[PDB]
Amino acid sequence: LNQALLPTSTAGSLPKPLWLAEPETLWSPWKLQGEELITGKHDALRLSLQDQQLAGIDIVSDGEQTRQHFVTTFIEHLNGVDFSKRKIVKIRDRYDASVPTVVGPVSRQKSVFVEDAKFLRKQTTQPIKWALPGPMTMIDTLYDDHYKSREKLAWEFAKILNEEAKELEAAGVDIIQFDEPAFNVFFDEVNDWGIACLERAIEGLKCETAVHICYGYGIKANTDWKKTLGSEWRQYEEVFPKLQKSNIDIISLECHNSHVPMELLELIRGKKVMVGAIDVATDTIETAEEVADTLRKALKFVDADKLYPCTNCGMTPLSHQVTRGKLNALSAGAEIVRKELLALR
């Protein structure tokens, strides 16, 4: 039996084993190749699942253990993409990254994560949440040397995502999450076509869908950026009204230690809300009570049966020890509030 009230989850990614990849980095090269890597990825999935279960996470992910990066791995499996043709581009309208190049017409040929999801589905009866990159974030994490159009390419990616997502649903995934950190930047594009591309990505799915929009991984570039954002981070106000009208079921957001006004959650009243109650941009471990405090504040704007305690973003850049402490705090804080709501203490 699954957790009916305040079920916990994370944004998706968790640290990989030392023998599989370099610690505490983004885009780590794989330390195994060939059949050893095939086995290692699945063993890492099993170990990550166990870590999530031990920490009391109710809705589990792959720990993103089988991918190098939450955006570029998916892109690299597509036709029309040159994996080893790298360019430095400014991503998120702000900072530089080494990204793959679109060299021709894009298409999905073989499935990407479906065999992984079938494998994970056999390991547990708990709900499974699998993240894919959203169409906008995809076009913002590559160099387009063919379409020469963010919108045209994003449309093609929406179609491809829909194919992958539908097959992940067939594999038994319960929640398909689309990672759209780009939505906290490109407001005009979100309004003109980003929502439409997200709708195309989710068309015909019967499982629950989520969109994740945050202020990024725990890296210096982002913590520096946060220091410039002022007293109120109101980026969500630009996109929440349209997300409210969309067919997305769950909105995953950053909240803990942020300056996002909590009353912005009223704009999505009726949606399920994955409320980030863990700051993945500090190594300081939250107390259970600090997590509980964020969840209590969120209950002013979200019905208890729609509140999904979560992390502000993924944890692949953190150490295993920090991650363990944070996930334990998340589950412990959720339980504090769950017990209050049920008059158990």
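Position 1 is the first residue in the sequence shown; the rest follow in order.
S.K.: Averaging CA B factors per stretch from the PDB record, which one is higher: 183-191 or 84-92?
M.R.: Averaging CA B-factors over each stretch, the winner is 84-92.
S.K.: When the Cα temperature factors in the entry are averaged, is it 255-263 or 95-103 that ends up higher?
M.R.: Comparing 95-103 with 255-263, the higher mean C-alpha B-factor belongs to 95-103.
S.K.: Just the C-alpha B-factor column, please: which of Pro309, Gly314, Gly34, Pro29 has the biggest number?
M.R.: Max CA B-factor in the entry, restricted to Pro309, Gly314, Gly34, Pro29: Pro29.
S.K.: Given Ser111, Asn162, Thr223, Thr209, identify the residue with the highest C-alpha B factor in the PDB entry.
M.R.: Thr223 has the highest C-alpha B-factor of those listed.
S.K.: Consider only the C-alpha atoms of the modelled residues in this chain, order them by B-factor as the entry records it, and name the third containing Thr10: lowest, middle or highest.
M.R.: As the PDB entry reports it, the C-alpha B-factor of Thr10 lands in the lowest third of its chain.
S.K.: Going by the CA temperature factor in the PDB record, which third of the chain does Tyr215 belong to: lowest, middle or highest?
M.R.: As the PDB entry reports it, the C-alpha B-factor of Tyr215 lands in the middle third of its chain.
S.K.: Which third, lowest, middle or highest, does the C-alpha temperature factor of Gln126 belong to within its own chain?
M.R.: Highest third.
S.K.: Is the Cα B-factor recorded for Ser149 in the lowest, middle or highest third of its chain?
M.R.: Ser149: CA B-factor falls in the highest third of its chain.
S.K.: Using the temperature factors of the C-alpha atoms in this entry, rank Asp43 within its chain: lowest, middle or highest third.
M.R.: Lowest third of the chain for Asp43's C-alpha B-factor.
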